[PDB]
Amino acid sequence: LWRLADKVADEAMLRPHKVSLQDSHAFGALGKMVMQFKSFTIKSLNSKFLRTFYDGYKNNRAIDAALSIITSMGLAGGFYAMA
Amino acid sequence: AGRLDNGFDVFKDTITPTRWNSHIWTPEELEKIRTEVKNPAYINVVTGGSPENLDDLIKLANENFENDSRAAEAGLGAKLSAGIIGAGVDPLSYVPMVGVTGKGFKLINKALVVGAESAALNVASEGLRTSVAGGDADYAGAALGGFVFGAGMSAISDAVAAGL
Amino acid sequence: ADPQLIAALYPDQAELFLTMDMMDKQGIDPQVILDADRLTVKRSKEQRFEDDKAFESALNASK
Amino acid sequence: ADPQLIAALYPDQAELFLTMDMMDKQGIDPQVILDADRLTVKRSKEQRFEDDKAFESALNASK
Amino acid sequence: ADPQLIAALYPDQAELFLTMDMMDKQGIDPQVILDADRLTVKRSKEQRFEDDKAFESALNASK
């Protein structure tokens, strides 16, 4: 069960490089929330400041740190709200 | 003349994997980096054209680290050391401040400094009583990051309030 | 007509606005300013950093 | 007749196009450009790395 | 009319008051003060540390 869920989660939800509303349509509450977080990440990566930053210095580590902090806090808040 | 694309790839268009990203070091490269790189975090930044080989990457990293250490005393830490919010500093109109680590950041705002003894009352108090090595420096980095973030979030709040 | 607003709307040409003030508001000859600008064309990179550090020191030493 | 296409088609001559644009559209004398080119370009390669880094830094700090 | 009061009220202009005093109370030509200002006051900041230490040393050794 765990391997099925984990591999399906990877391949279906997180592996693709492109997020869509139809993508969020398929999943449940937690699935919709995490796909909207993936969409939020893609939006932020396309933001003017972050695009300029990556073009200037690359440095995906710093962007990863920022987005990971945001994602951690937001998932904590979402779980709180659901409960 | 529309032609909807429907073919956007975030890692093809937005974030292209460079040579030095996605490159897992060999043991020899790891030892070279450990011995020859002052601050390894400077390996992560690739400004301009990508260096051809790891020796140039190391040399560029050391040059950048020396420049940033030399720049900290007149850098953003020192500039912000006086009044981030008393002076209405707007971090939103700022370059990414890559080299900036809290270092020159001892926030003494002139004004808000009233009575101001130089001798502490006790042997307790005096400094930040943390017992970990490197304290007052990582604390300064956290403080500078928090000041930048909070001032920027205040500016964001004001701008969104105006828009609404 | 109105110096403060023009300076605020175009802060980038602060040097140009100061130069105009020097020529017309003050009596400074355009030729001496022009020669000084022509001679001070060696940025020297390191000279810029020392300018930064001296300026910040003068700033926090002004009172 | 058309600056942008000529600039695009012959990128290698960007310096020549800049010089011609300076000497006709801007008001700078050809003689000062000529003797600036004679004397100034002496430093080479070893500081071309520094120049490259300076260009990318000026792009990074541009705002 | 009253030098000490004016000096006290505007400490930032101590150098200006010194220059005026030099030119009128003392006998030095305005021109020499002018070109002394315009000329070699260049060394900055890095020697301002040594300048501060020199001032405090001169106070310490004054007798």
# chains A, B, ... in the order shown; residues from 1 in each chain; ligands from 1

call {"tool": "calpha_fit_and_write", "arguments": {"fixed": "chain E", "moving": "chain D", "output": "CSV table (one decimal) with N, CA and C atoms, in the first residue's frame"}}
result
chain,number,residue,atom,x,y,z
D,1,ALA,N,30.9,90.2,14.8
D,1,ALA,CA,30.2,90.7,16.0
D,1,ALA,C,30.3,89.8,17.2
D,2,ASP,N,30.3,88.5,17.0
D,2,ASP,CA,30.4,87.5,18.0
D,2,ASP,C,30.8,86.1,17.5
D,3,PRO,N,32.1,85.8,17.6
D,3,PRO,CA,32.5,84.5,17.0
D,3,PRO,C,32.1,83.3,17.8
D,4,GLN,N,32.2,83.3,19.1
D,4,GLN,CA,32.0,82.1,19.9
D,4,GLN,C,30.6,81.6,19.8
D,5,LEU,N,29.5,82.4,19.9
D,5,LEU,CA,28.2,81.9,19.8
D,5,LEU,C,27.9,81.4,18.5
D,6,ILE,N,28.3,82.0,17.4
D,6,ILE,CA,28.1,81.5,16.1
D,6,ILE,C,28.8,80.2,15.9
D,7,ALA,N,30.0,80.1,16.4
D,7,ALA,CA,30.7,78.8,16.3
D,7,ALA,C,29.9,77.7,17.1
D,8,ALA,N,29.4,78.0,18.3
D,8,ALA,CA,28.7,77.0,19.1
D,8,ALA,C,27.4,76.6,18.4
D,9,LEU,N,26.7,77.5,17.8
D,9,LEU,CA,25.3,77.2,17.3
D,9,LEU,C,25.4,76.3,16.1
D,10,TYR,N,26.4,76.4,15.3
D,10,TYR,CA,26.6,75.7,14.0
D,10,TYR,C,27.9,75.0,14.0
D,11,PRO,N,28.0,73.9,14.8
D,11,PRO,CA,29.3,73.2,14.9
D,11,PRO,C,29.7,72.6,13.6
D,12,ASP,N,28.8,72.2,12.7
D,12,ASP,CA,29.1,71.5,11.5
D,12,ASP,C,30.0,72.4,10.6
D,13,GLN,N,29.8,73.7,10.7
D,13,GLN,CA,30.5,74.7,9.8
D,13,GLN,C,31.8,75.2,10.5
D,14,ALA,N,32.4,74.4,11.4
D,14,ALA,CA,33.6,74.8,12.0
D,14,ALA,C,34.7,75.0,11.0
D,15,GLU,N,34.8,74.2,10.0
D,15,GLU,CA,35.8,74.4,8.9
D,15,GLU,C,35.6,75.7,8.2
D,16,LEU,N,34.3,76.0,7.9
D,16,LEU,CA,34.1,77.3,7.2
D,16,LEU,C,34.4,78.5,8.1
D,17,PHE,N,34.1,78.4,9.4
D,17,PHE,CA,34.5,79.5,10.3
D,17,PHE,C,36.0,79.6,10.4
D,18,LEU,N,36.7,78.5,10.5
D,18,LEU,CA,38.1,78.5,10.5
D,18,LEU,C,38.7,79.2,9.3
D,19,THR,N,38.2,78.8,8.1
D,19,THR,CA,38.6,79.4,6.9
D,19,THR,C,38.4,80.9,6.8
D,20,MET,N,37.2,81.3,7.2
D,20,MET,CA,36.9,82.8,7.2
D,20,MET,C,37.8,83.5,8.2
D,21,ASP,N,38.0,82.9,9.4
D,21,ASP,CA,38.9,83.5,10.4
D,21,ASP,C,40.3,83.7,9.9
D,22,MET,N,40.8,82.6,9.1
D,22,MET,CA,42.1,82.7,8.6
D,22,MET,C,42.2,83.8,7.5
D,23,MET,N,41.2,83.9,6.7
D,23,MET,CA,41.3,84.8,5.5
D,23,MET,C,41.0,86.3,5.9
D,24,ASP,N,40.4,86.5,7.1
D,24,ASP,CA,40.2,87.9,7.5
D,24,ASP,C,41.1,88.3,8.7
D,25,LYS,N,41.0,87.6,9.8
D,25,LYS,CA,41.8,88.0,11.0
D,25,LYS,C,43.2,87.7,10.8
D,26,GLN,N,43.5,86.5,10.4
D,26,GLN,CA,44.9,86.2,9.9
D,26,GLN,C,45.1,86.7,8.5
D,27,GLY,N,46.4,86.7,8.1
D,27,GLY,CA,46.6,87.4,6.8
D,27,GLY,C,46.7,86.5,5.6
D,28,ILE,N,46.1,85.3,5.6
D,28,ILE,CA,46.4,84.4,4.5
D,28,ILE,C,45.4,84.7,3.4
D,29,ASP,N,45.9,84.6,2.1
D,29,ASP,CA,45.2,85.0,1.0
D,29,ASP,C,44.0,84.0,0.7
D,30,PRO,N,42.9,84.4,0.3
D,30,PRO,CA,41.8,83.4,0.0
D,30,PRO,C,42.2,82.4,-1.1
D,31,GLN,N,43.1,82.9,-2.1
D,31,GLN,CA,43.4,82.0,-3.2
D,31,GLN,C,44.2,80.8,-2.7
D,32,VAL,N,45.1,81.0,-1.8
D,32,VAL,CA,45.9,79.8,-1.3
D,32,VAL,C,45.1,78.9,-0.6
D,33,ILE,N,44.1,79.3,0.2
D,33,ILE,CA,43.2,78.4,0.8
D,33,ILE,C,42.3,77.7,-0.2
D,34,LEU,N,41.9,78.4,-1.3
D,34,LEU,CA,41.1,77.8,-2.3
D,34,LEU,C,41.8,76.6,-3.0
D,35,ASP,N,43.0,76.9,-3.4
D,35,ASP,CA,43.7,75.9,-4.2
D,35,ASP,C,44.3,74.8,-3.3
D,36,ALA,N,44.5,75.1,-2.0
D,36,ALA,CA,44.8,74.1,-1.0
D,36,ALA,C,43.7,73.1,-0.9
D,37,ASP,N,42.5,73.7,-0.8
D,37,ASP,CA,41.3,72.8,-0.7
D,37,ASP,C,41.1,72.0,-2.0
D,38,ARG,N,41.2,72.6,-3.1
D,38,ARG,CA,41.1,71.8,-4.4
D,38,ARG,C,42.0,70.6,-4.4
D,39,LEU,N,43.3,70.8,-4.3
D,39,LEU,CA,44.2,69.7,-4.5
D,39,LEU,C,44.4,68.7,-3.3
D,40,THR,N,44.7,69.2,-2.1
D,40,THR,CA,45.1,68.4,-1.0
D,40,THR,C,44.2,67.2,-0.5
D,41,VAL,N,42.9,67.4,-0.4
D,41,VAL,CA,42.1,66.4,0.3
D,41,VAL,C,41.8,65.2,-0.6
D,42,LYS,N,42.8,64.4,-0.9
D,42,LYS,CA,42.5,63.2,-1.7
D,42,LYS,C,42.5,61.9,-0.9
D,43,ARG,N,43.4,61.7,0.1
D,43,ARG,CA,43.4,60.5,0.9
D,43,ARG,C,42.1,60.3,1.7
D,44,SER,N,41.6,59.1,1.8
D,44,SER,CA,40.3,58.9,2.5
D,44,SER,C,39.9,57.7,3.3
D,45,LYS,N,39.3,57.9,4.5
D,45,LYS,CA,38.8,56.8,5.3
D,45,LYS,C,39.8,55.8,5.8
D,46,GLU,N,40.5,55.1,4.9
D,46,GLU,CA,41.4,54.1,5.4
D,46,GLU,C,42.5,54.7,6.3
D,47,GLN,N,43.0,55.9,5.9
D,47,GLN,CA,43.8,56.7,6.8
D,47,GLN,C,43.0,57.6,7.6
D,48,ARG,N,41.7,57.7,7.6
D,48,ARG,CA,40.9,58.4,8.6
D,48,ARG,C,41.0,57.8,9.9
D,49,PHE,N,41.1,56.4,10.0
D,49,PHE,CA,41.4,55.8,11.3
D,49,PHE,C,42.7,56.3,11.8
D,50,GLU,N,43.8,56.3,10.9
D,50,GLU,CA,45.1,56.8,11.4
D,50,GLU,C,45.0,58.2,11.8
D,51,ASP,N,44.2,59.0,11.1
D,51,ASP,CA,44.0,60.4,11.5
D,51,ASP,C,43.4,60.5,12.8
D,52,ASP,N,42.4,59.7,13.1
D,52,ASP,CA,41.7,59.7,14.4
D,52,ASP,C,42.7,59.4,15.5
D,53,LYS,N,43.5,58.4,15.3
D,53,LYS,CA,44.5,58.0,16.3
D,53,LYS,C,45.5,59.1,16.4
D,54,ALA,N,45.9,59.7,15.3
D,54,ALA,CA,46.8,60.8,15.4
D,54,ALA,C,46.3,62.0,16.2
D,55,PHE,N,45.0,62.3,16.0
D,55,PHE,CA,44.4,63.4,16.8
D,55,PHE,C,44.4,63.1,18.3
D,56,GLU,N,44.0,61.9,18.7
D,56,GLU,CA,44.0,61.5,20.1
D,56,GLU,C,45.4,61.4,20.6
D,57,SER,N,46.3,61.0,19.8
D,57,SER,CA,47.7,60.9,20.3
D,57,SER,C,48.3,62.3,20.5
D,58,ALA,N,47.9,63.3,19.6
D,58,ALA,CA,48.4,64.6,19.8
D,58,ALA,C,47.8,65.3,21.0
D,59,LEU,N,46.5,64.9,21.3
D,59,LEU,CA,45.9,65.3,22.6
D,59,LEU,C,46.7,64.7,23.8
D,60,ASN,N,47.0,63.4,23.7
D,60,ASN,CA,47.7,62.7,24.8
D,60,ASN,C,49.1,63.3,25.0
D,61,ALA,N,49.8,63.7,24.0
D,61,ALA,CA,51.2,64.1,24.1
D,61,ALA,C,51.3,65.6,24.2
D,62,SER,N,50.2,66.3,24.4
D,62,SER,CA,50.1,67.8,24.2
D,62,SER,C,51.0,68.5,25.3
D,63,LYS,N,50.7,68.1,26.6
D,63,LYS,CA,51.3,68.9,27.7
D,63,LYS,C,50.9,70.4,27.6

call {"tool": "residues_around", "arguments": {"residues": "region 35-52 of chain A", "least_positions_apart": "6", "cutoff": "8 Å", "atoms": "only C-alpha atoms", "output": "compact mmCIF listing (two decimals) with N, CA and C atoms, in the first residue's frame"}}
result
# COMPACT_ATOMS: atom_id res chain seq x y z
N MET A 13 1.51 13.26 -9.37
CA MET A 13 1.27 14.56 -8.79
C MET A 13 2.50 15.45 -8.90
N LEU A 14 3.68 14.91 -8.63
CA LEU A 14 4.84 15.77 -8.46
C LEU A 14 5.86 15.67 -9.58
N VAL A 19 1.79 22.35 -14.14
CA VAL A 19 0.62 22.19 -13.29
C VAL A 19 -0.60 22.83 -13.96
N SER A 20 -1.78 22.26 -13.70
CA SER A 20 -3.01 22.70 -14.32
C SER A 20 -4.17 22.53 -13.35
N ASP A 23 -5.48 19.12 -13.38
CA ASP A 23 -4.65 18.27 -12.54
C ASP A 23 -5.17 18.25 -11.11
N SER A 24 -5.51 19.42 -10.56
CA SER A 24 -6.04 19.48 -9.21
C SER A 24 -7.43 18.88 -9.13
N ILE A 63 16.80 29.32 -3.62
CA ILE A 63 15.39 29.24 -3.95
C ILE A 63 14.76 28.02 -3.31
N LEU A 67 11.53 28.24 -0.83
CA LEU A 67 10.28 27.56 -1.15
C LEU A 67 10.01 26.42 -0.18
N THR A 71 6.72 26.07 2.00
CA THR A 71 5.90 24.88 1.86
C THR A 71 5.68 24.19 3.20
N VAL B 10 8.74 23.99 -16.75
CA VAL B 10 9.35 24.91 -15.79
C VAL B 10 10.86 24.75 -15.77
N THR B 14 12.01 28.16 -17.16
CA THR B 14 12.31 28.96 -15.97
C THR B 14 13.67 28.58 -15.38
N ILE B 15 13.82 27.35 -14.91
CA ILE B 15 15.03 26.95 -14.21
C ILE B 15 15.77 25.89 -15.00

call {"tool": "closest_atom_pairs", "arguments": {"of": "chain B", "to": "chain C", "cutoff": "12 Å", "atoms": "only C-alpha atoms", "output": "tab-separated table"}}
result
residue	atom	partner	partner_atom	distance
B:67	CA	C:49	CA	9.9
B:68	CA	C:49	CA	11.2
B:70	CA	C:49	CA	9.2
B:71	CA	C:49	CA	7.6
B:72	CA	C:53	CA	9.7
B:73	CA	C:53	CA	7.4
B:74	CA	C:53	CA	4.9
B:75	CA	C:53	CA	8.4
B:76	CA	C:56	CA	10.6
B:77	CA	C:56	CA	11.6
B:78	CA	C:56	CA	8.3
B:79	CA	C:56	CA	7.3
B:80	CA	C:56	CA	10.9
B:81	CA	C:60	CA	10.2
B:82	CA	C:60	CA	8.5
B:83	CA	C:60	CA	11.5
B:108	CA	C:60	CA	11.3
B:109	CA	C:60	CA	10.8
B:110	CA	C:60	CA	9.6
B:111	CA	C:63	CA	11.4

call {"tool": "write_last_selection", "arguments": {"atoms": "N, CA, C and O atoms", "output": "PDB file, in the first residue's frame"}}
result
ATOM      1  N   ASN B  67      35.886  39.196  -1.903  1.00  0.00           N
ATOM      2  CA  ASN B  67      35.231  40.468  -2.182  1.00  0.00           C
ATOM      3  C   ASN B  67      34.078  40.724  -1.224  1.00  0.00           C
ATOM      4  O   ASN B  67      33.896  41.847  -0.755  1.00  0.00           O
ATOM      5  N   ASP B  68      33.286  39.702  -0.917  1.00  0.00           N
ATOM      6  CA  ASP B  68      32.149  39.915  -0.029  1.00  0.00           C
ATOM      7  C   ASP B  68      32.592  40.162   1.405  1.00  0.00           C
ATOM      8  O   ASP B  68      32.012  41.001   2.103  1.00  0.00           O
ATOM      9  N   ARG B  70      35.405  41.553   2.220  1.00  0.00           N
ATOM     10  CA  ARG B  70      35.917  42.913   2.141  1.00  0.00           C
ATOM     11  C   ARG B  70      34.796  43.940   2.033  1.00  0.00           C
ATOM     12  O   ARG B  70      34.970  45.101   2.417  1.00  0.00           O
ATOM     13  N   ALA B  71      33.644  43.540   1.499  1.00  0.00           N
ATOM     14  CA  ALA B  71      32.547  44.474   1.285  1.00  0.00           C
ATOM     15  C   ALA B  71      31.605  44.579   2.473  1.00  0.00           C
ATOM     16  O   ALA B  71      30.818  45.528   2.528  1.00  0.00           O
ATOM     17  N   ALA B  72      31.652  43.627   3.404  1.00  0.00           N
ATOM     18  CA  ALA B  72      30.678  43.607   4.494  1.00  0.00           C
ATOM     19  C   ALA B  72      30.744  44.867   5.353  1.00  0.00           C
ATOM     20  O   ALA B  72      29.718  45.318   5.873  1.00  0.00           O
ATOM     21  N   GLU B  73      31.940  45.438   5.538  1.00  0.00           N
ATOM     22  CA  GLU B  73      32.073  46.577   6.446  1.00  0.00           C
ATOM     23  C   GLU B  73      31.398  47.828   5.898  1.00  0.00           C
ATOM     24  O   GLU B  73      30.982  48.700   6.667  1.00  0.00           O
ATOM     25  N   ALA B  74      31.307  47.955   4.578  1.00  0.00           N
ATOM     26  CA  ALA B  74      30.500  48.998   3.964  1.00  0.00           C
ATOM     27  C   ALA B  74      29.251  48.427   3.314  1.00  0.00           C
ATOM     28  O   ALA B  74      28.578  49.122   2.550  1.00  0.00           O
ATOM     29  N   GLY B  75      28.934  47.172   3.606  1.00  0.00           N
ATOM     30  CA  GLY B  75      27.858  46.485   2.936  1.00  0.00           C
ATOM     31  C   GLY B  75      26.506  46.794   3.527  1.00  0.00           C
ATOM     32  O   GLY B  75      26.298  47.783   4.225  1.00  0.00           O
ATOM     33  N   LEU B  76      25.557  45.911   3.226  1.00  0.00           N
ATOM     34  CA  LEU B  76      24.183  46.153   3.634  1.00  0.00           C
ATOM     35  C   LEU B  76      24.006  45.965   5.134  1.00  0.00           C
ATOM     36  O   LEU B  76      23.165  46.622   5.751  1.00  0.00           O
ATOM     37  N   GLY B  77      24.791  45.083   5.743  1.00  0.00           N
ATOM     38  CA  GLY B  77      24.728  44.960   7.186  1.00  0.00           C
ATOM     39  C   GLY B  77      25.065  46.262   7.882  1.00  0.00           C
ATOM     40  O   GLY B  77      24.338  46.712   8.769  1.00  0.00           O
ATOM     41  N   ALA B  78      26.154  46.905   7.462  1.00  0.00           N
ATOM     42  CA  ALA B  78      26.535  48.182   8.053  1.00  0.00           C
ATOM     43  C   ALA B  78      25.543  49.281   7.696  1.00  0.00           C
ATOM     44  O   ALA B  78      25.225  50.130   8.532  1.00  0.00           O
ATOM     45  N   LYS B  79      25.054  49.286   6.456  1.00  0.00           N
ATOM     46  CA  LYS B  79      24.106  50.311   6.034  1.00  0.00           C
ATOM     47  C   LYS B  79      22.810  50.227   6.826  1.00  0.00           C
ATOM     48  O   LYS B  79      22.236  51.252   7.206  1.00  0.00           O
ATOM     49  N   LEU B  80      22.328  49.018   7.072  1.00  0.00           N
ATOM     50  CA  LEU B  80      21.101  48.786   7.812  1.00  0.00           C
ATOM     51  C   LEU B  80      21.319  48.787   9.311  1.00  0.00           C
ATOM     52  O   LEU B  80      20.346  48.754  10.065  1.00  0.00           O
ATOM     53  N   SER B  81      22.573  48.831   9.756  1.00  0.00           N
ATOM     54  CA  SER B  81      22.857  48.809  11.183  1.00  0.00           C
ATOM     55  C   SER B  81      22.271  50.025  11.883  1.00  0.00           C
ATOM     56  O   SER B  81      22.185  50.058  13.115  1.00  0.00           O
ATOM     57  N   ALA B  82      21.889  51.043  11.122  1.00  0.00           N
ATOM     58  CA  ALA B  82      21.226  52.217  11.663  1.00  0.00           C
ATOM     59  C   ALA B  82      19.837  52.349  11.055  1.00  0.00           C
ATOM     60  O   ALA B  82      19.695  52.811   9.919  1.00  0.00           O
ATOM     61  N   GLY B  83      18.819  51.947  11.805  1.00  0.00           N
ATOM     62  CA  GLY B  83      17.464  52.285  11.428  1.00  0.00           C
ATOM     63  C   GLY B  83      16.889  51.664  10.171  1.00  0.00           C
ATOM     64  O   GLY B  83      16.740  52.350   9.159  1.00  0.00           O
ATOM     65  N   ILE B 108      22.059  49.496  16.071  1.00  0.00           N
ATOM     66  CA  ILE B 108      21.905  50.607  17.000  1.00  0.00           C
ATOM     67  C   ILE B 108      21.309  51.748  16.192  1.00  0.00           C
ATOM     68  O   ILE B 108      22.010  52.410  15.421  1.00  0.00           O
ATOM     69  N   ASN B 109      20.013  51.964  16.338  1.00  0.00           N
ATOM     70  CA  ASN B 109      19.374  53.115  15.729  1.00  0.00           C
ATOM     71  C   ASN B 109      19.644  54.346  16.578  1.00  0.00           C
ATOM     72  O   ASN B 109      19.299  54.373  17.760  1.00  0.00           O
ATOM     73  N   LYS B 110      20.287  55.350  15.994  1.00  0.00           N
ATOM     74  CA  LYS B 110      20.414  56.628  16.677  1.00  0.00           C
ATOM     75  C   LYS B 110      19.057  57.317  16.679  1.00  0.00           C
ATOM     76  O   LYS B 110      18.389  57.399  15.645  1.00  0.00           O
ATOM     77  N   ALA B 111      18.661  57.806  17.857  1.00  0.00           N
ATOM     78  CA  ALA B 111      17.269  57.991  18.258  1.00  0.00           C
ATOM     79  C   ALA B 111      16.731  56.600  18.531  1.00  0.00           C
ATOM     80  O   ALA B 111      17.091  55.659  17.824  1.00  0.00           O
TER      81      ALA B 111
END

call {"tool": "decode", "arguments": {"residues": "region 10-29 of chain A", "atoms": "N, CA and C atoms", "output": "PDB file, in the first residue's frame"}}
result
ATOM      1  N   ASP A  10       4.351  10.400  -6.540  1.00  0.00           N
ATOM      2  CA  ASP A  10       5.453  10.945  -7.322  1.00  0.00           C
ATOM      3  C   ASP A  10       5.054  11.133  -8.775  1.00  0.00           C
ATOM      4  N   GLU A  11       4.766  10.029  -9.465  1.00  0.00           N
ATOM      5  CA  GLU A  11       4.617  10.068 -10.914  1.00  0.00           C
ATOM      6  C   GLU A  11       3.452  10.947 -11.342  1.00  0.00           C
ATOM      7  N   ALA A  12       2.306  10.833 -10.678  1.00  0.00           N
ATOM      8  CA  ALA A  12       1.120  11.563 -11.088  1.00  0.00           C
ATOM      9  C   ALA A  12       1.129  13.009 -10.620  1.00  0.00           C
ATOM     10  N   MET A  13       1.512  13.260  -9.371  1.00  0.00           N
ATOM     11  CA  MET A  13       1.272  14.565  -8.790  1.00  0.00           C
ATOM     12  C   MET A  13       2.500  15.452  -8.897  1.00  0.00           C
ATOM     13  N   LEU A  14       3.685  14.909  -8.628  1.00  0.00           N
ATOM     14  CA  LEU A  14       4.839  15.773  -8.460  1.00  0.00           C
ATOM     15  C   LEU A  14       5.857  15.673  -9.580  1.00  0.00           C
ATOM     16  N   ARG A  15       5.981  14.520 -10.222  1.00  0.00           N
ATOM     17  CA  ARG A  15       6.942  14.395 -11.310  1.00  0.00           C
ATOM     18  C   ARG A  15       6.712  15.367 -12.465  1.00  0.00           C
ATOM     19  N   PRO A  16       5.488  15.624 -12.939  1.00  0.00           N
ATOM     20  CA  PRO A  16       5.327  16.526 -14.086  1.00  0.00           C
ATOM     21  C   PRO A  16       5.845  17.929 -13.813  1.00  0.00           C
ATOM     22  N   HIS A  17       6.364  18.559 -14.866  1.00  0.00           N
ATOM     23  CA  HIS A  17       6.904  19.908 -14.788  1.00  0.00           C
ATOM     24  C   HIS A  17       5.855  20.988 -15.002  1.00  0.00           C
ATOM     25  N   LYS A  18       4.593  20.622 -15.206  1.00  0.00           N
ATOM     26  CA  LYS A  18       3.575  21.592 -15.599  1.00  0.00           C
ATOM     27  C   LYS A  18       2.312  21.318 -14.797  1.00  0.00           C
ATOM     28  N   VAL A  19       1.791  22.351 -14.135  1.00  0.00           N
ATOM     29  CA  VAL A  19       0.615  22.191 -13.292  1.00  0.00           C
ATOM     30  C   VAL A  19      -0.601  22.827 -13.958  1.00  0.00           C
ATOM     31  N   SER A  20      -1.775  22.255 -13.696  1.00  0.00           N
ATOM     32  CA  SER A  20      -3.011  22.698 -14.323  1.00  0.00           C
ATOM     33  C   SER A  20      -4.171  22.529 -13.353  1.00  0.00           C
ATOM     34  N   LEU A  21      -5.266  23.231 -13.647  1.00  0.00           N
ATOM     35  CA  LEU A  21      -6.478  23.098 -12.845  1.00  0.00           C
ATOM     36  C   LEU A  21      -7.103  21.715 -12.994  1.00  0.00           C
ATOM     37  N   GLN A  22      -7.098  21.167 -14.213  1.00  0.00           N
ATOM     38  CA  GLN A  22      -7.579  19.804 -14.408  1.00  0.00           C
ATOM     39  C   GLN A  22      -6.763  18.818 -13.587  1.00  0.00           C
ATOM     40  N   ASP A  23      -5.482  19.116 -13.382  1.00  0.00           N
ATOM     41  CA  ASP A  23      -4.653  18.267 -12.536  1.00  0.00           C
ATOM     42  C   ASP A  23      -5.175  18.248 -11.106  1.00  0.00           C
ATOM     43  N   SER A  24      -5.505  19.421 -10.563  1.00  0.00           N
ATOM     44  CA  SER A  24      -6.038  19.477  -9.206  1.00  0.00           C
ATOM     45  C   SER A  24      -7.433  18.877  -9.128  1.00  0.00           C
ATOM     46  N   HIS A  25      -8.142  18.808 -10.256  1.00  0.00           N
ATOM     47  CA  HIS A  25      -9.499  18.268 -10.242  1.00  0.00           C
ATOM     48  C   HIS A  25      -9.532  16.821  -9.762  1.00  0.00           C
ATOM     49  N   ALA A  26      -8.508  16.036 -10.094  1.00  0.00           N
ATOM     50  CA  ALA A  26      -8.572  14.596  -9.857  1.00  0.00           C
ATOM     51  C   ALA A  26      -8.462  14.252  -8.378  1.00  0.00           C
ATOM     52  N   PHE A  27      -7.629  14.975  -7.638  1.00  0.00           N
ATOM     53  CA  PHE A  27      -7.244  14.535  -6.308  1.00  0.00           C
ATOM     54  C   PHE A  27      -8.234  15.022  -5.250  1.00  0.00           C
ATOM     55  N   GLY A  28      -7.984  14.616  -4.007  1.00  0.00           N
ATOM     56  CA  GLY A  28      -8.815  14.982  -2.879  1.00  0.00           C
ATOM     57  C   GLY A  28      -8.352  16.268  -2.227  1.00  0.00           C
ATOM     58  N   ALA A  29      -8.778  16.457  -0.977  1.00  0.00           N
ATOM     59  CA  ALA A  29      -8.477  17.697  -0.265  1.00  0.00           C
ATOM     60  C   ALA A  29      -6.975  17.894  -0.107  1.00  0.00           C
TER      61      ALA A  29
END
